[PDB]
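A short worksheet on the structure shown next.
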Amino acid sequence: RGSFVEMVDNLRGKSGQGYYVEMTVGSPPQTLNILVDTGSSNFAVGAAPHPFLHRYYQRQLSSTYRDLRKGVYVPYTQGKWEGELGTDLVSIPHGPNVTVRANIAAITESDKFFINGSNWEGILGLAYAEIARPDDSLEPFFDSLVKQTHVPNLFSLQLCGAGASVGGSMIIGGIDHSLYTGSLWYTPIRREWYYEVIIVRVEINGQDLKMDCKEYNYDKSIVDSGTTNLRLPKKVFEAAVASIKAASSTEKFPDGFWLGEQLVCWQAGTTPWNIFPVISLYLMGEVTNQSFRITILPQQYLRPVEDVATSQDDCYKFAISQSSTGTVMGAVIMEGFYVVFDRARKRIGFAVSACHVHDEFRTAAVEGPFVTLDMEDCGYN
Ligand SMILES: N#Cc1ccc(C(=O)Nc2ccc(F)c([C@@]3(CF)N=C(N)OC[C@@H]3F)c2)nc1
Ligand code: NA
Ligand code: NA
């Protein structure tokens with residue numbers, strides 16, 4: 001409890017390609033790098049020689065592989081994979097010292113799923129059975145781990161961005177106190193499917209968007225380490241960029257930029273962070289009529305793009321985007337915070353990350369309590 005030395009710094013990644021952890025599957029163990037995704041619930045690994053893959057799961061080499069005689073076809077908005085279901089022995093070498101028998105979907109065909117030039121070969125979906133494919137009877141990894149071992153039913157994530165290569169920590173079974181500063185503030189998980197939460201107020205530099213808060217959660221809001229952007233419901237995105245545009249009007253940007261349709265560039269070491277506003281989400285708290293507020297900086301929502309062959313300046317992408325799936329607190333939000341997925345008490349904790357990217361004037365912030373009435377009105381049905 002509170003001290004997990006062996007698990008600190010156990011994530012790696014490249015800017016734009018997500019955070020992965022090393023896992024082993026089968027006997028003898030096959031090492032694979034696996035994307036950590038709190039927005040899905042399947043453990044799915046490449047199992048055929050796709051040319052983007054450094055390596056892949058070779059079921060023939062494993063004496064412990066048990067076939068489930070069942071295929072699965074999984075399309076997403078972007079891309080798709082199909083695979084064959086089975087179970088095998090799984091471990092996390094920089095995670096707890098245990099081996100579990102888990103469902104694995106051996107990916108045998110995929111489109112627009114793997115990233116060319118990335119270093120991972122599968123995804124670890126850490127959300128709940130209700131959204132597992134093909135259905136909720138395919139027990140997700142984390143449920144198998146807690147069912148079969150003494151590992152406590154929680155995990156926490158510190159995702160560290162950069163300004164090159166990313167890193168961070170996934171602490172499985174506890175919280176490590178050196179990963180954050182100040183206090184953890186907790187928000188209820190509204191329903192265990194995605195890690196769904198309820199946003200109760202949104203401010204852009206302390207000015208409130210002043211929308212029916214049902215708008216912030218239409219049709220859900222979720223915490224999701226497998227998406228880069230902060231995604232906002234269309235109506236709220238419209239309000240938010242208009243307010244951010246206005247706060248930054250000391251400089252002008254093409255309109256394409258606010259749509260994530262073009263990048264914007266400054267002379268190296270001259271990004272004007274100061275003209276961009278902080279953005280605060282207030283989340284439903286643990287106590288009736290109580291909320292707390294998280295705040296992110298332009299450093300989280302302006303993402304550097306390197307390997308840009310138009311020019312060799314400092315080029316950024318606006319990473320707040322409109323959504324048709326509700327609010328998505330991706331890496332744009334998580335990179336500011338230590339986030340504790342406290343599945344045993346159905347709640348998510350936030351604290352200021354010990355590693356977040358900041359400057360001399362502003363840091364990301366987690367502050368409470370605030371008095372907010374009618375917070376139950378904010379959830380969408
Ligand atoms: N930061 C960051 C970051 C960059 C890339 C990636 C990435 O490629 N993720 C990724 C790639 C392929 C995926 F198919 C997913 C899924 C799998 F379910 N998971 C979520 N949650 O949303 C979309 C999709 F449903 C995520 N993730 C995080
Ligand atoms: Na247990
Ligand atoms: Na601490």
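Each chain in the structure tokens gets a letter, A, B and so on, in the order shown; residues start at 1 in every chain, and ligands are counted from 1 in the order they appear.
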
Using only C-alpha atoms and all ligand atoms, find each residue with an atom at most 9 Å away from ligand 3 and format the answer as number ranges by chain. A: 176-183, 351, 354

Store the residues of this selection in a file with N, CA, C and O atoms, as a PDB file, in the first residue's frame.
```
ATOM      1  N   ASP A 176       0.781   5.166  -5.799  1.00  0.00           N
ATOM      2  CA  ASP A 176       2.111   5.468  -5.338  1.00  0.00           C
ATOM      3  C   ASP A 176       2.123   6.971  -5.102  1.00  0.00           C
ATOM      4  O   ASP A 176       1.922   7.785  -6.043  1.00  0.00           O
ATOM      5  N   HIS A 177       2.305   7.330  -3.836  1.00  0.00           N
ATOM      6  CA  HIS A 177       2.297   8.729  -3.367  1.00  0.00           C
ATOM      7  C   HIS A 177       3.315   9.665  -3.952  1.00  0.00           C
ATOM      8  O   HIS A 177       3.066  10.851  -4.045  1.00  0.00           O
ATOM      9  N   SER A 178       4.454   9.163  -4.417  1.00  0.00           N
ATOM     10  CA  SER A 178       5.411  10.078  -5.059  1.00  0.00           C
ATOM     11  C   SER A 178       4.970  10.491  -6.482  1.00  0.00           C
ATOM     12  O   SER A 178       5.592  11.330  -7.085  1.00  0.00           O
ATOM     13  N   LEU A 179       3.904   9.899  -7.023  1.00  0.00           N
ATOM     14  CA  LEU A 179       3.475  10.256  -8.364  1.00  0.00           C
ATOM     15  C   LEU A 179       2.586  11.520  -8.454  1.00  0.00           C
ATOM     16  O   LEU A 179       2.309  12.016  -9.546  1.00  0.00           O
ATOM     17  N   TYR A 180       2.171  12.071  -7.329  1.00  0.00           N
ATOM     18  CA  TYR A 180       1.308  13.250  -7.385  1.00  0.00           C
ATOM     19  C   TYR A 180       1.619  14.231  -6.261  1.00  0.00           C
ATOM     20  O   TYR A 180       2.294  13.852  -5.297  1.00  0.00           O
ATOM     21  N   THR A 181       1.110  15.457  -6.348  1.00  0.00           N
ATOM     22  CA  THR A 181       1.208  16.403  -5.255  1.00  0.00           C
ATOM     23  C   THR A 181      -0.207  16.791  -4.794  1.00  0.00           C
ATOM     24  O   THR A 181      -1.199  16.598  -5.542  1.00  0.00           O
ATOM     25  N   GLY A 182      -0.319  17.310  -3.561  1.00  0.00           N
ATOM     26  CA  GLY A 182      -1.610  17.764  -3.045  1.00  0.00           C
ATOM     27  C   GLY A 182      -2.514  16.579  -2.754  1.00  0.00           C
ATOM     28  O   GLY A 182      -1.986  15.504  -2.533  1.00  0.00           O
ATOM     29  N   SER A 183      -3.848  16.752  -2.776  1.00  0.00           N
ATOM     30  CA  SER A 183      -4.706  15.708  -2.370  1.00  0.00           C
ATOM     31  C   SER A 183      -5.382  15.125  -3.593  1.00  0.00           C
ATOM     32  O   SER A 183      -5.520  15.815  -4.615  1.00  0.00           O
ATOM     33  N   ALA A 351      -5.422  13.964  -8.925  1.00  0.00           N
ATOM     34  CA  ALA A 351      -4.464  14.751  -8.202  1.00  0.00           C
ATOM     35  C   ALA A 351      -3.521  15.345  -9.271  1.00  0.00           C
ATOM     36  O   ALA A 351      -3.388  14.784 -10.357  1.00  0.00           O
ATOM     37  N   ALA A 354       2.888  14.781 -10.487  1.00  0.00           N
ATOM     38  CA  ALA A 354       4.300  15.113 -10.280  1.00  0.00           C
ATOM     39  C   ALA A 354       5.092  15.290 -11.567  1.00  0.00           C
ATOM     40  O   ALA A 354       6.163  15.807 -11.511  1.00  0.00           O
TER      41      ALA A 354
END
```

Please give me, as an MDAnalysis selection string, the residues lying within 12 Å of ligand 2 when counting only C-alpha atoms and all ligand atoms. chainID A and resid 98 100 142:154 173 344

Given the selection you just returned, output its residues as a file containing C-alpha atoms, formatted as an mmCIF file, in the first residue's frame.
```cif
data_model
loop_
_atom_site.group_PDB
_atom_site.id
_atom_site.type_symbol
_atom_site.label_atom_id
_atom_site.label_comp_id
_atom_site.auth_asym_id
_atom_site.auth_seq_id
_atom_site.Cartn_x
_atom_site.Cartn_y
_atom_site.Cartn_z
ATOM 1 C CA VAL A 98 1.483 -12.830 -10.502
ATOM 2 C CA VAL A 100 -3.270 -15.066 -14.593
ATOM 3 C CA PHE A 142 -8.558 -6.708 -15.024
ATOM 4 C CA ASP A 143 -11.543 -8.675 -13.792
ATOM 5 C CA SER A 144 -9.496 -11.910 -14.280
ATOM 6 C CA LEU A 145 -6.556 -10.482 -12.436
ATOM 7 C CA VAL A 146 -8.650 -9.485 -9.418
ATOM 8 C CA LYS A 147 -10.688 -12.716 -9.481
ATOM 9 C CA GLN A 148 -7.578 -15.003 -9.498
ATOM 10 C CA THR A 149 -5.092 -13.160 -7.279
ATOM 11 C CA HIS A 150 -4.957 -11.000 -4.138
ATOM 12 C CA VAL A 151 -4.324 -7.858 -6.219
ATOM 13 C CA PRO A 152 -6.630 -5.052 -4.890
ATOM 14 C CA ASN A 153 -9.390 -3.950 -7.285
ATOM 15 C CA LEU A 154 -7.815 -0.675 -8.437
ATOM 16 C CA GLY A 173 -3.286 -2.750 -7.293
ATOM 17 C CA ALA A 344 -13.479 -1.165 -5.476
#
```

Give me the residues within 7 Å of residue A:67 as a list in words, counting only C-alpha atoms and dropping any in the same chain fewer than 5 places off.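 Counting only C-alpha atoms, the residues come to residues 85, 86 and 87 of chain A.
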
List the neighbours of residue A:339 out to 8 Å using only C-alpha atoms; skip same-chain residues closer than 5 positions along the sequence, and give me the result as a ChimeraX atom specification. /A:156-158,334,348-351

I need the residue nearest residue A:72 from this list: A:90, A:36, A:200, A:138. Use only C-alpha atoms for the distance.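 For residue A:72, the nearest of the given residues is A:138.
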
Using DSSP on the backbone, list every residue of stretch 40-255 of chain A that comes out as strand (DSSP E or B), and give them as a PyMOL selection string. chain A and resi 43-46+66-75+80-91+99-111+122-125+155-160+165-172+180-188+192+195-196+199-204+207-208+221-223+230-233

Per-residue nearest contacts of stretch 32-132 of chain A to stretch 209-233 of chain A (9 Å; only C-alpha atoms) as a Markdown table:
```
| residue | atom | partner | partner_atom | distance |
| --- | --- | --- | --- | --- |
| A:35 | CA | A:226 | CA | 7.6 |
| A:36 | CA | A:226 | CA | 6.6 |
| A:37 | CA | A:226 | CA | 4.4 |
| A:38 | CA | A:224 | CA | 4.9 |
| A:39 | CA | A:224 | CA | 4.6 |
| A:40 | CA | A:226 | CA | 8.1 |
| A:123 | CA | A:226 | CA | 8.9 |
| A:125 | CA | A:226 | CA | 8.8 |
```

Just asking: which residues within stretch 126-371 of chain A are alpha helix (DSSP H) according to DSSP, as a ChimeraX atom specification? /A:141-148,234-248,255-258,298-301,331-334

Which one is closest to residue A:198: A:19, A:186, A:76, A:65? Count only C-alpha atoms. A:186

Pick out the residues sitting within 12 Å of stretch 236-242 of chain A, and hand them over as number ranges by chain; count only C-alpha atoms, and ignore anything fewer than 6 positions along from it in its own chain. A: 199, 201-205, 207-218, 230, 248-249, 255, 257-260, 276-281, 301, 318-324, 326-328

Selection: 8 Å around residue A:346, only C-alpha atoms, excl. self and same-chain fewer than 2 positions, as a list in words: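 The contact residues come out as residues 188, 189, 190, 192, 342, 343, 344 and 348 of chain A.
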
Give me a file of those residues, with N, CA, C and O atoms, as a PDB file, in the first residue's frame.
```
ATOM      1  N   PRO A 188     -17.607  10.042  -8.599  1.00  0.00           N
ATOM      2  CA  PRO A 188     -18.238   8.705  -8.718  1.00  0.00           C
ATOM      3  C   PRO A 188     -18.174   8.174 -10.138  1.00  0.00           C
ATOM      4  O   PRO A 188     -18.333   8.935 -11.119  1.00  0.00           O
ATOM      5  N   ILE A 189     -17.966   6.873 -10.288  1.00  0.00           N
ATOM      6  CA  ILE A 189     -18.137   6.282 -11.608  1.00  0.00           C
ATOM      7  C   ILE A 189     -19.625   6.142 -11.713  1.00  0.00           C
ATOM      8  O   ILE A 189     -20.262   5.525 -10.878  1.00  0.00           O
ATOM      9  N   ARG A 190     -20.217   6.741 -12.723  1.00  0.00           N
ATOM     10  CA  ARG A 190     -21.651   6.695 -12.812  1.00  0.00           C
ATOM     11  C   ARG A 190     -22.214   5.315 -13.193  1.00  0.00           C
ATOM     12  O   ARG A 190     -23.299   4.987 -12.732  1.00  0.00           O
ATOM     13  N   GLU A 192     -20.672   1.226 -14.423  1.00  0.00           N
ATOM     14  CA  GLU A 192     -19.453   0.529 -14.828  1.00  0.00           C
ATOM     15  C   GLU A 192     -19.568  -0.018 -16.251  1.00  0.00           C
ATOM     16  O   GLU A 192     -20.023  -1.141 -16.446  1.00  0.00           O
ATOM     17  N   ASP A 342     -10.504   3.661  -9.062  1.00  0.00           N
ATOM     18  CA  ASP A 342     -10.729   2.983  -7.799  1.00  0.00           C
ATOM     19  C   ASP A 342     -12.010   2.204  -7.961  1.00  0.00           C
ATOM     20  O   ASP A 342     -13.085   2.568  -7.445  1.00  0.00           O
ATOM     21  N   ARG A 343     -11.871   1.143  -8.739  1.00  0.00           N
ATOM     22  CA  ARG A 343     -12.921   0.214  -9.051  1.00  0.00           C
ATOM     23  C   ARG A 343     -13.577  -0.369  -7.784  1.00  0.00           C
ATOM     24  O   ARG A 343     -14.795  -0.534  -7.799  1.00  0.00           O
ATOM     25  N   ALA A 344     -12.837  -0.621  -6.690  1.00  0.00           N
ATOM     26  CA  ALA A 344     -13.479  -1.165  -5.476  1.00  0.00           C
ATOM     27  C   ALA A 344     -14.549  -0.214  -4.892  1.00  0.00           C
ATOM     28  O   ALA A 344     -15.531  -0.666  -4.359  1.00  0.00           O
ATOM     29  N   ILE A 348     -13.331   7.600  -9.310  1.00  0.00           N
ATOM     30  CA  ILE A 348     -12.053   7.934 -10.016  1.00  0.00           C
ATOM     31  C   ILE A 348     -11.439   9.104  -9.246  1.00  0.00           C
ATOM     32  O   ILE A 348     -12.130  10.110  -9.013  1.00  0.00           O
TER      33      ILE A 348
END
```

Using only C-alpha atoms, which residues sit within 10 Å of residue A:78 once same-chain residues fewer than 3 positions away are excluded, as a list in words?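 Non-adjacent residues within range: residues 75, 111, 112 and 113 of chain A.
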
How about saving the chosen residues, N, CA, C and O atoms kept, as a PDB file, in the first residue's frame?
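Final output, saved to again.pdb:
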```pdb
ATOM      1  N   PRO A  75     -15.375  -3.637 -35.299  1.00  0.00           N
ATOM      2  CA  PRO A  75     -15.099  -2.405 -35.999  1.00  0.00           C
ATOM      3  C   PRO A  75     -15.211  -1.198 -35.080  1.00  0.00           C
ATOM      4  O   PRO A  75     -15.990  -1.210 -34.161  1.00  0.00           O
ATOM      5  N   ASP A 111      -7.614  -3.432 -40.094  1.00  0.00           N
ATOM      6  CA  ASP A 111      -7.443  -2.252 -41.007  1.00  0.00           C
ATOM      7  C   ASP A 111      -7.403  -0.927 -40.208  1.00  0.00           C
ATOM      8  O   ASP A 111      -8.278  -0.673 -39.422  1.00  0.00           O
ATOM      9  N   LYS A 112      -6.343  -0.126 -40.367  1.00  0.00           N
ATOM     10  CA  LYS A 112      -6.278   1.252 -39.788  1.00  0.00           C
ATOM     11  C   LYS A 112      -6.313   1.129 -38.277  1.00  0.00           C
ATOM     12  O   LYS A 112      -6.923   1.924 -37.624  1.00  0.00           O
ATOM     13  N   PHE A 113      -5.683   0.086 -37.748  1.00  0.00           N
ATOM     14  CA  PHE A 113      -5.722  -0.206 -36.348  1.00  0.00           C
ATOM     15  C   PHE A 113      -4.290  -0.035 -35.799  1.00  0.00           C
ATOM     16  O   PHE A 113      -4.081   0.823 -34.999  1.00  0.00           O
TER      17      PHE A 113
END
```

From the list A:81, A:193, A:266, A:52, which residue is nearest ligand 1 when using only C-alpha atoms and all ligand atoms?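 Once distances to ligand 1 are computed over only C-alpha atoms and all ligand atoms, the minimum belongs to A:81.
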
For ligand 1, the closest of A:235, A:303, A:59, A:293 counting only C-alpha atoms and all ligand atoms is A:303

Go through A:53, A:308, A:44, A:268 and flag the residue nearest ligand 1, using only C-alpha atoms and all ligand atoms for the distances.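 Closest candidate: A:44.
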